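Below is one structure, written out as structure tokens, with a few remarks after it.
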Ligand SMILES: [K+]
Ligand SMILES: [K+]
Ligand SMILES: [K+]
Ligand SMILES: [K+]
Ligand SMILES: [K+]
Ligand SMILES: [K+]
């Protein structure tokens, strides 16, 4: 059952509606890419949960007392203190958002292994249970190839597994041995594997992975956008921690990484914000190296592109986002949507933490991956009810930066991303109802093809036809 | 069907849960009166929709640019403009809230007819399709007796009627005759009869009523807390206006009153605010008389107890509260709750605008009105699921200020007041689920009796014990 | 010297200017009463410091997390806790503002002595070192005569005295003897005598006064609008407390009253808010009696006309308003204005806590009190520079509710009320410069007379001619 | 009245703390003699910079409350775009979190453009500006592009007055382009109010001439607009042909002489966070879509580019509020007041500019060689004395030659007392002046500085030094 909101709605933002005819015109005008649609032409925007959710009174209140100092802001220290208490990390660098931190640590870490272990940029490879679109982008832009070492169950939308976000431990080890440990600049642990469908990573898996990393002295970066939801799943599924608090599980979790890069725009519940933090003194050097690069890419390292109030707000969000009643509610809503879709015959990845992932591949078997079936489905859904979603399949995966050919994709998923505390059960029902029509028209949905394709992170602004 | 929210949630306030054992202790410490329970001991607070609902971004934004001047604030003029454009009234006096405006116009209007037509304070009577508790309170405190002239269908929870909030025209006229037109200081038209169950008043009824008032030259005050919902019902039920906008219907509606007193804390959607406005120059005198009394009771008449930002916020709320998609949604949610309760066998007044009114009388037939069955039901509901509600029956009606005996009551209703844009469909379902248990235990609920009773507006702070 | 602001300006509200011709037209349209002028027609609004000052970030932040519950709001408890820790009072009832609390306790206290000691309403008299216009108003409206028992030095603008707000102890005692202790419903101690010119009341004086009250068992109500400034003066002038903190002095001060009525719109620094609190159990009865009357006049006693956020904000203001650096600055600014005026030959009451009181009587000796010289001066000042002020003389004092004749007035003062943290030293200089012209035209300022006079609190909306 | 009275009422304040001399003594040492490393709470009056540290208006704070946090196509984006179209007349808008956010985008894009279109030679490319900001110069050099500031002879003569010291050296610009070869000049940056020159204005005539030269060689012109409003004000007070124009009109005119604008909204637009990268018209549509592609990588989707919805609504309002004439007159008059006060006590400064008083450390501390950063020494002295924090705009900031590796020659050693907008009062100005009385009295005893830790890029922000 969809749990009742453990909160009262305090502030609302009105939204309008549109006609089918209008959407038809609009979706064409947008080159068949929802990313290019106007906000006001969307009734229920499930494009992403990043910076689109609601905030709590405490957070809005925090936003009112920021120290806008350019250097040494007390708001910075407030944020730093929250990081020290929650993750146990001593060094903090705020960034405006996720890719803000990535564009800093990646270059820094690469140069490090180069200068220390003779890493060869022409043969370097980074690993992750699964890289973010932007993490992969910045890695490749820095001449580093990536390899996602996910488990066999990860993308089997027909089978259930407790931690589909887990690292393929053997795979990771053989991968490192092959590539050569000196050529692996870092390993990124994505807490709640986004591409796997917001699937959790067990604490045991993290310990094992970190153990392998320690062995080859490879820096481990914990991508923490949805650390809270991951902590929740660990608490519900990993026996050892059934009776631990989200805070305790989080603290434990972060003992298995050397630093964290986070897009606070998710679980921390803020409309803007990111973090780049190092656990301890052993990484003091990368810390000061990141402060140097931060000045260039984001701003002085005591605000790094965030206004004072934004840091006070984040200092609070990191806590509010860990509330157990909240997490149970949020995740239960997603479960509700997934079960609703599954009951009308729309197969999905098992319910994850932030969104329902519809298996476009299974729903539209006639359109080849090369033709982006999940993107076609997205346009169909929008047409139908004014709901906007994103594809997590071949369109997003991109082409091989070396071959120039379309990368093979493990699954063509349509992601119905649910912004935190933004929509109600009625909206969920509305979405499910919409899919009844989408399904009833599956067989007639046409594949898509480029008319304009950017060279980097193409899915955000590309346009397609047919 | 419960319509999907025509808005996105932007800011939330976390709430806490409790155990049955805890509530059991708490309801006792509160003297069996939910009004005395702590907010944090309530999961879903349906005590009232007054100042407890959500606001829109525009409103929260307006709150940020107020002119805190003590006199002639531009924020005051902003509010005045909204009133002129929406209601067509030229004179505006802000008050912190509803009873703030009542404590001003009532004394003023009474003195007026006294000096003008020789009204006899010892024999004066005021009329209304149905007085709010505070309106009745201030009237009686001023030595004026009240008489609610509602229609026969008003309190028949078993029959459906389009406008149960309507004035009993024949009754109003008869009443004015029996009492003597010189002794009737004013008539209050309560837009959406609260006690009737948030039932609407037709525009035709208002015209007729105002016509009668004009005949005897009796001032007509439009109590406007829920004017928007009333405008909505008119639009859905009164043929002549099916195609009018809420704004147009409102403008039309207010041509049939001489002034308005409003608790902005409802449809205007603000956590604080009230209004006392006069339509035109013919009432300029009561206007300046109200400015004089306002200085004493509320504050300088250009802010009357409201901070600058509060007036800017209200200037916006008056508009946002009239949005058609919004009104349809809000009222549809209430309908959903009422239908849900009715489906599990809990008879209610037909769905009104702001709340579901459960008929405690029908649900608990073994308890005499003198023992406040709706209050007993309220305590039962709280114990069961941590939901807080109010009774609109004998407990609230009070005693006859002259006889000193309990006033006879037309219905014992438990009001599940729904704050605007605060709870979801899931909460509604939660409430319905709770009532399944309440119903199952109906026959065992005891009646209540006083242990402490205030002399005025007793229901707010009184304490009772059972049986 | 004007101290430098111990704070940074964070939010500003733009204001406009006007022409002399325009003001001349406006002042007449307003019936020669500044109270009737539009805010936008005023450059520097010194009408009052009540609810017109600035707030701190913490306060604005508090306003964002209020519990709007109709009953038992946690915001109410927050306010109650602040009252308990600052004043040591156990019972709290919020009111929207000052006169909101007055209209409650006055009726309640009167009925009390009537039912307990046989008070005779037809012969009852209340005392105060000096009643506020609204306190006097509500008293008289309730059929109670008032008597201000101020000291001989109080209104001598030519002589300096440490505590001109003090009670005339002998006077108070004789007064009570004359009237009969059974007919005195209450004594109001106005912390910082407003009419005396924002002059302080010593702690010793309060002890003595409370001692007299205890003797006749007369309830003592501490009017606390400017309790903080009074605490400051005590700290600077009363030897015994030179080394005490504002918080400590306040706590001590409130041991000499049975309850407090406060317009939080002043020292607490909020744009809206008031308080009615009782010290302890011995007054539990008046407390529950006030809860009953509050439901009628203000709202449920757990919010009493204040929104949730307003109570959270006040809970913070009560503290922020007691900051020592702040108080020193605020009071130093007033001192600066007073010294500046005195330097150009404009005699004033010695610098008090919230405003400079110009002695209109001494500045315009040709105008008889009956003609309100301070009001004439106010209109002159406005015409000259667009500065708005209020008179604290015969116009405000009113007529004898019994005789119907104009009450005799101890001083005709023009009050240049300074809103807290709103204007700068440059504005002060601007005000002083304006007075150079006002003085240079003193001899030609005409007296005033009614054209419209309300029956109660006339000065707020009356209109005059000539 | 020289210090004009505030054309506004203070609505919200933030309390600040004081410290003891002994404490500052310890603190300045712990900070490696670099104020940038001091804690905010250890500063009474923070004149480090006016960037994102000033106050906002009610309208702005109100705007912050109604943002559309959509990830794409936010209506708040369109609101910002509309303001840009009305004010600057530019049709294409891309929001960025701040200044360097826009720089890291257009610089790479413009360079690749001339490379692919005119055969630019990265190994011989040079960019020009009346004067590059530290971050603009940084990103240029990081992209392998050398910079050349073509300022006028009067620019850094703190002893002489001149109406537009921020002007381009037209002959110099032309000679420079000829020397380097027009195909190797990727762009020209016009810094509206030359920051390094001392917040000195650039005349509209100078801009027309400069743009004319650029059009001739088909060189893209980027208008760095952080302080466009103050520049518009000076033009209105000093350039005869515009004495009677409004700030809005002068701004509109001004922007006809650039192809695009890069702006750190954290200054004149008055916001604590925000930036803009906009193109004038269709002729630059290509760089526009190229910037959208690079923005996705560096900042975020191009319809918010690192700014939350409310931040864009706030900026849409700030761009307007910042152009108010009474406001500008007041703000600039305050700076004039501080400059005249300092000059009164014998402390020579650059003639009053728009956002700060620039003390000439070189003239105040003649015994210290530029190599030893006299302006930085002066900054530490000022802090010790009264808890006032400032920045140096001299050799320390200028850096080393990325090619030679040697310290770059500097035209002036200035200590910048940056005044955040609507934050401090006249009393604070007087406080600052009073502080300098002591600083001056001790001038002869201030020692020079030297590195103990120096970053390879933008060193002045986090470097640490010690007394030589
Ligand atoms: K956002
Ligand atoms: K960046
Ligand atoms: K409220
Ligand atoms: K106010
Ligand atoms: K009242
Ligand atoms: K900032």
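Protein chains in written order, with UniProt numbering: chain G, 5 to 470; chain V, 5 to 471; chain F, 5 to 470; chain H, 4 to 471. In this text, a Cβ means the ideal position worked out from N, Cα and C, and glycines have one as well.
Is residue i buried or exposed, if buried means 16 or more other CB atoms sit within 10 Å of its CB?
i                      : result
residue 454 of chain G : exposed
residue 26 of chain F  : exposed
residue 456 of chain G : exposed
residue 243 of chain V : exposed
residue 409 of chain F : exposed
residue 124 of chain H : exposed
residue 289 of chain H : exposed
residue 21 of chain F  : exposed
Using the three-state DSSP reduction, which class does residue i fall into: helix, strand or coil?
i                      : result
residue 127 of chain V : coil
residue 410 of chain H : strand
residue 16 of chain F  : strand
residue 91 of chain V  : helix
residue 394 of chain V : strand
residue 203 of chain G : strand
residue 108 of chain F : helix
residue 193 of chain F : strand
residue 469 of chain G : strand
Any beta carbon from chain G within less than 8 angstroms of residue i's own beta carbon?
i                      : result
residue 454 of chain H : no
residue 276 of chain H : yes
residue 96 of chain H  : no
Tell me whether residue i counts as near ligand 1, meaning its Cβ is closer than 7 angstroms to at least one heavy atom of that ligand.
i                      : result
residue 307 of chain H : yes
Using a Cβ cut-off of 8 angstroms (strictly closer), state whether residue i contacts chain H.
i                      : result
residue 21 of chain G  : no
residue 77 of chain V  : no
residue 327 of chain F : yes
residue 304 of chain G : yes
residue 317 of chain V : no
Does any C-beta atom of chain F lie closer than 8 angstroms to the C-beta of residue i?
i                      : result
residue 143 of chain V : no
residue 38 of chain H  : no
residue 86 of chain V  : no
Any heavy atom of ligand 5 closer than 7 angstroms to the CB of residue i?
i                      : result
residue 277 of chain F : no
task = Specify which residues have a beta carbon nearer than 5 angstroms to any heavy atom of ligand 2, listing them in chain order.
result = Those residues placing their Cβ nearer than 5 angstroms to any heavy atom of ligand 2 are, following chain order, G/301, H/301.
key: Pocket of ligand 6 defined by Cβ to heavy atom distance under 5 angstroms   = The set of residues with a C-beta under 5 angstroms from any non-hydrogen atom of ligand 6 comprises G/72, G/311, H/55, H/275, given in chain order.
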